[PDB]
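Each chain is listed here by its residues.
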Amino acid sequence: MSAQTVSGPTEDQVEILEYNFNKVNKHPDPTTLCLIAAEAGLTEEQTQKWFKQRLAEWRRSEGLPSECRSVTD
């Protein structure tokens, strides 16, 4: 029962998404989202919602001062 992508993507999708995240450019992209979403078996909405959540974790783990090279003192 409820064997569908209700509310958010399923585990199987996270597998394709994680690969995509590590292969695209580590950033939510417009052209990229639509194209990769279709191949992942999702839509932009779902891909955006997922990619953005990893964005926060990415910044924590890799330690990035925002986007550009700026020394946070």
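Just above sits the structure.
Residues numbered from 1 in each chain as written, not as in the entry; some residues may be left out. Heavy atoms only, no water.

Here the focus is the packing of aromatic side chains. A complete count under the given rule lists three aromatic pairs for this structure. Seen in terms of ring centroids, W50 and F51 are 5.7 Å apart; in terms of plane orientation they differ by 55°. Their pairing is tilted. A single burial state applies to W50 and to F51, both of which are buried. Ring pairs connect the aromatic residues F21, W50 and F51, which therefore count as one cluster. (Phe/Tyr/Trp six-rings, centres within 6.5 Å; stacked < 30°, edge-to-face > 60°. Buried < 20%, exposed > 50% of the residue type's maximum accessible area, 1.4 Å probe, protein only.)

The next subject is helix α1 (residues 11-23). Its 13 residues give α1 an end-to-end C-alpha distance of 19 Å, which sits within 8% of 18 Å, the value for a rise of 1.5 Å per residue. When we look at burial in α1, the residues that qualify are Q13, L17, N20 and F21. One face of α1 carries all of its buried residues, which in axial projection span an arc of 100°. Summarising the geometry of α1, the exposed residues directed more than 90 degrees from the buried face are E11, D12, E15, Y19 and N22. Looking at the buried residues of α1, the elements they touch are α2 (30-40) and α3 (44-62). (Helix = DSSP H or I, 4+ residues; strand = E, 2+ residues; numbered from the N terminus. Expected span 1.5 Å × (residues − 1). Arc of directions from axis to C-beta. Contact = heavy atoms within 4.5 Å.)

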